[PDB]
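Each chain gets a letter, A, B and so on, in the order its sequence line appears, and its residues count up from 1.
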Amino acid sequence: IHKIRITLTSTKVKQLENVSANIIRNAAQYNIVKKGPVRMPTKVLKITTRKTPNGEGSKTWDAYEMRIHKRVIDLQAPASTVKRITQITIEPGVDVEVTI
Amino acid sequence: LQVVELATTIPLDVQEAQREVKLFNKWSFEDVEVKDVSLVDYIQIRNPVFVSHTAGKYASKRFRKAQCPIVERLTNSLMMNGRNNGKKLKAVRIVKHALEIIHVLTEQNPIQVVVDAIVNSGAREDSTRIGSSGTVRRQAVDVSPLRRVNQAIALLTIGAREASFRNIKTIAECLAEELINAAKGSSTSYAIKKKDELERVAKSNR
Amino acid sequence: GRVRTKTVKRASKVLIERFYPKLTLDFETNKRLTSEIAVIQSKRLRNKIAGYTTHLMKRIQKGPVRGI
Amino acid sequence: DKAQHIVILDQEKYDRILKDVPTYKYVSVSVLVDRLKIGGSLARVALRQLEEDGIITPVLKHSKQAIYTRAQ
Amino acid sequence: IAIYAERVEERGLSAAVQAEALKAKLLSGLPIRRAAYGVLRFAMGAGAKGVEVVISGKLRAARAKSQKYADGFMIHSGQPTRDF
Amino acid sequence: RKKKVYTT
Amino acid sequence: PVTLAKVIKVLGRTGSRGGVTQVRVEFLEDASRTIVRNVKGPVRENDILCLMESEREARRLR
Amino acid sequence: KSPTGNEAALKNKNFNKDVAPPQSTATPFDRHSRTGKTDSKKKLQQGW
Amino acid sequence: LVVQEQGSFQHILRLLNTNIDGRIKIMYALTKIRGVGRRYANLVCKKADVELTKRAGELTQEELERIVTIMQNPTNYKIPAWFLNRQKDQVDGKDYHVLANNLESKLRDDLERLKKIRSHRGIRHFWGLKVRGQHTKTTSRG
Amino acid sequence: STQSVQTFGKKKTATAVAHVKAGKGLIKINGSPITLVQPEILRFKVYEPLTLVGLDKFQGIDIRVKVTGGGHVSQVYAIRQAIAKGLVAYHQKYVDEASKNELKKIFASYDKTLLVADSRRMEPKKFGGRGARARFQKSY
Amino acid sequence: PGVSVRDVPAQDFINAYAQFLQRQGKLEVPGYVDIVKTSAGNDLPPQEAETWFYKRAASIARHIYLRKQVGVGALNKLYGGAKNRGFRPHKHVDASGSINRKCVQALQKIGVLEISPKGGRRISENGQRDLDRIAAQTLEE
RNA sequence: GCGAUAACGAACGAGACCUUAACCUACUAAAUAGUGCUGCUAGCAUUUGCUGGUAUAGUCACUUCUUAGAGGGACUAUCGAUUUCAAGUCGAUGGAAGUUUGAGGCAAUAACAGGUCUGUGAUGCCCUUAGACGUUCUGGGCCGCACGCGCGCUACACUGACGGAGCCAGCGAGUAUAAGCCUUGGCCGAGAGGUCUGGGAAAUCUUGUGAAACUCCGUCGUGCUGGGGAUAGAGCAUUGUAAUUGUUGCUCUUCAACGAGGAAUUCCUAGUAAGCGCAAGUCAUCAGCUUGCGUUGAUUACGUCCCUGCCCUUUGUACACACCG
């Protein structure tokens, strides 16, 4: 047995929720007790620049955004089982870190 | 009338509020009546309130202001001239103290004096301008009951504000003198000079 | 103002010319019905279309309407 | 610069206060200043004692406003 | 790191390929009208709902001008411009 | 905008 | 000697800036002698607005 | 008074005795080209 | 409570060659003396055991001499050095607190001492301009 | 356990969570009696849900609220809403619904904000001005 | 019923604990209380020169009572106010550190406080005993 | 949009759309959120109660508040008036929400001698190219002061200043062998600040950012006064290689105009205006500035074309580089 934490971060929620559900799915048919996923409060990375490359015109501003969504999943399983779950649910957008 | 024993003890005076809702738990709306048929529907005293602070939505529709309590409309007009905008608790304190001063003076019901000062302060005919693109022209027109009521509150608080400026007399007791004098129709009070001066000019335009 | 546009006015009257027997004078029933009759991309447009179809249905019962 | 309110209490004003303040419908800090020509600070101490001496009944208590009345 | 090169399936539907292809034609001296219509018809031939080509600059004249060469149906405002 | 003139 | 006249019909906005309204008034007592008069403030029907002088009609304002 | 530090303490500020100028604004056909090189129709015809 | 007195009030006081209104409260009456601010006058009154609830004229001569003694000798009455007007004096390096007539004299002596060495700060004092680096383009219009 | 209902009232940002258990007439604000809620001049705003129905309704219930967020005035309005909603929610679950409809009538007939949270929120600020609608002063 | 600190108004509880704590006399008052300003944002020293230190210690004790291990830096933030910057806008500035640190040190050796684990200063075993006592002797009148 | 109709039926733009805010005791879970219970534990009355602390093993329970994903919900819904009985509008009732539900993002057909080659290893041409107009080093300037003007910040006091006490937000940011991030807690120091440890690459720590107005109790008492805090002197620290032409911060002292502002003129219709602060950006240091955020929170319309700009129709034209003709 091993208390293992899996942290999921990505910018887009569709691939994030697929990986999140897929990990939960593999922790269900395998009789592994789980806690999660925990939807962490999303982070809005905001950058407000001036539209004008020069300094002439009405003072108009862009407001760019970069939402970061974070999910943490707690697993009680041996380390070999949890790591192979990660390769099952590998997605280009979502990065995975595994901590005991 | 029975005194209700709670685990959290409740003061005697506030338990008396179960019988009746009174302004600041001191002033009753039951014996208050508007001595003018034309402003009954625009001076709202039928729904009693404890404190003149309701934080309601009276600016959404057109005539919702007529549904705001008359004392709350009065305390709203006190907080003016920049440094007082948004200071409603200060305004409520002034009104609460003003009513007590209006009570020790003339001994009447303080909110009755407030109602009397409002009916006597709204000009019944104001001379609107009909200037044709710059030239000076004035025409005498009638004044709606809503504008008649809310110009009384505007004039009553403006007069109280200026009487307390650079004066040792406090604003609460400048308002009490302003409200008491206008209630009895005395021309000494501000907002009665203004009301007379408005209706005097309107007489010279019809 | 609350003036409905042409994308909702003409699409709603196509429903009446096509599914009058299945329609009714109830918005809630119409709202569910138009979700199985038309492919609406957004819920807000679905409610607007069903809300105007109900108004037209309520008006047909009071007499003949022009254009439908 | 015309106020010149009295801030020191002599004997002529002291008994004048106790003979005149009771015959008032409403007394306060400004009322004492306005009509007795005494200063505001002297008015505040006069009110706090006149209440202790029983001449004056406290209608309402507040720091910024003191509403008082006759006790007779 | 491993790099793989993959061919774009629909050259007519890739504005990057069409812009690079158009640039390789304009730098060869081909006239703008003949060059612009070579991508207008190539985009439609691939099945595009719409296509618009704008070429701006100066061409044998001191004053500069811009010419738009549209085709088909184009949407301009709202979210769908980010999708289609 | 100016003509650099030397002294040394 | 003020007279009270309930309004029964709001005719329309008049005056140069639209700040004055034509209205149709009806007297509280002697429910006749209906007059058209101009009013400054906002007006609904059934306003008991009183008239300092009654013997005067109203027309459009310039 | 060769050094500027020594002379500064001896020069008086005689500024309040002279009056400011009455006006001091010192900062036009944009439509008419001033290049003087008109474009012939042949050049536009060949380019575009 | 209100108390009365006769003949003891002094309408005009004269301290350090400065006329003091006797009906002003003592802490703020002493602020008329140049070089004595509210913060300094508040402390000398507490060091002299003069309760602040007294007007200037209420004070007796015994208290008045006790105050002028403290203001002229602050360090001798456990007044901190950092609280003083003129600390680390230029010539003798001791902590001082200049008063009514001494203040403008030693303020002057600082100006020539700056002007004698012809420092930039001393020069700008001579011209009547702002010396602490303030911009004078648009506000020096007095 | 016992007869417990948990509710909440809201103003602009202030939110007051009320726990209503069966007991004696205990009514606390953050562990402190309601008779000393500040500011004093708005103390009757929280007395309204009490005196409107009569304190006899609170014999069998004890109320402990925890109010956080918002401001001084906004917290008072959150508390009075939590009390009024808490009393109603207890009646709906452990008393006949006839009384709950009775309680809801007096509260609603007096002030809508006693039961319905005010939906007004602060408008976002837009560039080109110091406020939501206000703009920088223009000069010619 | 058991009276607690939370059952008595703060303003008149502090006025009662300050009077008791001064008459008890065991609280050690530093020698600069007649000189110092409470905060750098203040412009004048407290008007109640003889008693201001006692009342502030009473306020500090009550404030620590209702919370858990509040430090002295938080106390500077608590008693700080808006500074009167001349033409620039107002700003929040913390109160003086020594006055608060001396108060908690004075209260810690009088038996009301102690160093709490993981920082701050908890209220003492006897700190509850004597504050809750003053609360009872505050509201009987 | 209704309608009138030599037009009929359409497309772009508007609207739809997307992001955000408001509702959900209805789902899905949460030791990086909260609560009730339960252990253990404290104080006060002893009534079994009331406030706490503790519990990453009490190896509890739950999702109401908190977080976020899947959805639901509003479509002007129902009912009265008016209307060409049409589009609609105005009133009520219900509702979380009935101003396009609030706010934004995106945004047509052409075009401007609008602004930038001082953002670009974006650029054509002209100029310069070794005593350089390249690059770098040192010092100064961009701040310079008889003046006119604009964006703002403090104020002219008592609806206030101080002095104590009460004590409530939201949006965010945060590091490693650096070149040093956010920094609690303890100890010194009147302060500013210094010093020793620890936490945090973060819903975990800074941080409940205990913000300011605000509220209570006192002093002041209409006085250029305890309003206001320029100008200036002396001193103490911080950043930086370097503070002089004061970077900034702190202490004492100095106590200026200003006592509500002419002709004119700006912004604004509801959580809005106005106050009131806070964060992020610039940033070694410096915010009277912007970009946002929240606290307190109104007066007055909810109308018109009277002024002003723009749009449309008719009309005149010797204009079309289009009246700067």
Side-chain angles (χ1 to χ4, degrees), chain A residues 17 38-41 48 53-54 56, chain B residues 59 62 76-77 79 84-86 88 90 94 133 166 168 171, chain C residues 2-3 5 7 27 45 47-48 50-51, chain D residues 1 3 39-41 63, chain E residues 76-80, chain F residues 6, chain G residues 13 16-18, chain H residues 15-16 18 20 24 29-31, chain I residues 28 35 37 82-88 107 110 120 132-133 135-137 140, chain J residues 6 8 13 15 17 31 38-39 69-73 75 116 119-125 127 132-135 137-139, chain K residues 1-4 6 10-11 14 32 36 40 44 46-47 52 59 68 71 73 77-78 82 86-89 92 96 98 119 128-129 132:
Chain A
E17 289 294 329
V38 176
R39 280 75 178 272
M40 296 301 292
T48 307
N54 65 331
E56 191 269 327
Chain B
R62 190 164 173 231
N76 277 351
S77 297
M79 62 183 179
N84 308 332
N85 294 115
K88 212 186 195 316
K90 189 186 315 283
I94 294 160
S133 296
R166 311 203 216 97
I168 188 157
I171 183 73
Chain C
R2 299 273 174 96
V3 181
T5 61
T7 187
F27 162 72
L45 193 50
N47 301 338
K48 283 178 174 303
Chain D
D1 217 318
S41 66
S63 309
Chain E
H76 289 70
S77 80
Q79 174 68 17
Chain F
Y6 304 99
Chain G
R13 305 305 282 250
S16 65
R17 280 75 177 272
Chain H
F15 276 11
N16 310 298
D18 60 357
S24 194
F29 287 70
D30 210 0
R31 300 254 187 101
Chain I
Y28 297 91
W82 53 265
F83 185 77
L84 296 196
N85 198 352
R86 179 67 180 271
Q87 63 183 356
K88 280 171 179 307
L107 164 68
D110 269 317
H120 177 235
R132 311 218 171 173
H135 298 185
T136 61
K137 176 171 183 174
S140 59
Chain J
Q6 63 184 357
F8 64 89
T13 301
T15 185
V17 172
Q38 297 296 323
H72 286 323
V73 174
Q75 277 191 343
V116 175
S119 47
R120 295 183 290 177
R121 289 300 201 273
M122 292 179 70
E123 178 146 353
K125 170 197 172 298
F127 58 83
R133 311 288 176 79
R135 314 279 84 198
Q137 186 174 269
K138 195 192 255 190
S139 87
Chain K
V3 176
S4 178
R6 289 188 167 89
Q11 189 274 151
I14 293 159
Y32 55 64
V36 295
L44 284 182
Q47 301 179 357
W52 74 262
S59 171
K68 65 177 72 66
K77 189 178 195 173
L78 165 72
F87 280 161
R88 309 191 283 285
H92 161 78
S96 66
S98 313
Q128 294 179 356
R129 186 190 38 75
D132 285 345

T13(J) (side chain) and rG170(L) (base): donor-acceptor pair under 3.5 Å: no
Partner residues of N84(B) under the side-chain hydrogen bond (donor to acceptor under 3.5 Å, both in side chains) criterion, sequence neighbours left out: none
Watson-Crick or G-U pairing of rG98(L) with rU82(L), both H-bond distances under 3.5 Å: no
Base of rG166(L) paired with side chain of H72(J) (donor-acceptor, under 3.5 Å): yes
Nucleotide nearest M122(J) when distance is taken to its side chain, options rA146(L), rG297(L), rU300(L): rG297(L)
Euclidean distance for P, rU41(L) against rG58(L) (whole angstrom): 14 Å
Side chain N54(A) and base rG119(L) donor-acceptor under 3.5 Å: no
Donor/acceptor link under 3.5 angstrom from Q47(K) side chain onto base of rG218(L): yes
Verdict with reasoning, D132(K) to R6(K), per salt bridge (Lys or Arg N to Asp or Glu O under 4.0 Å): CA-CA 9 Å; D132(K) 285 345; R6(K) 289 188 167 89; over 6 Å; no
Sugar-phosphate only, base, or nothing, as touched by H76(E) at under 4.0 Å among non-hydrogen atoms: sugar-phosphate
Check: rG114(L) base within 3.5 Å donor-acceptor of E56(A) side chain: yes
hbond_proxy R132(I) side chain to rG233(L) base (donor-acceptor, 3.5 Å cutoff): yes
Any donor-acceptor N/O pair under 3.5 Å between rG288(L) base and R88(K) side chain: no
Length of the line joining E123(J):CD and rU295(L):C1', which is rounded to integer Å: 17 Å
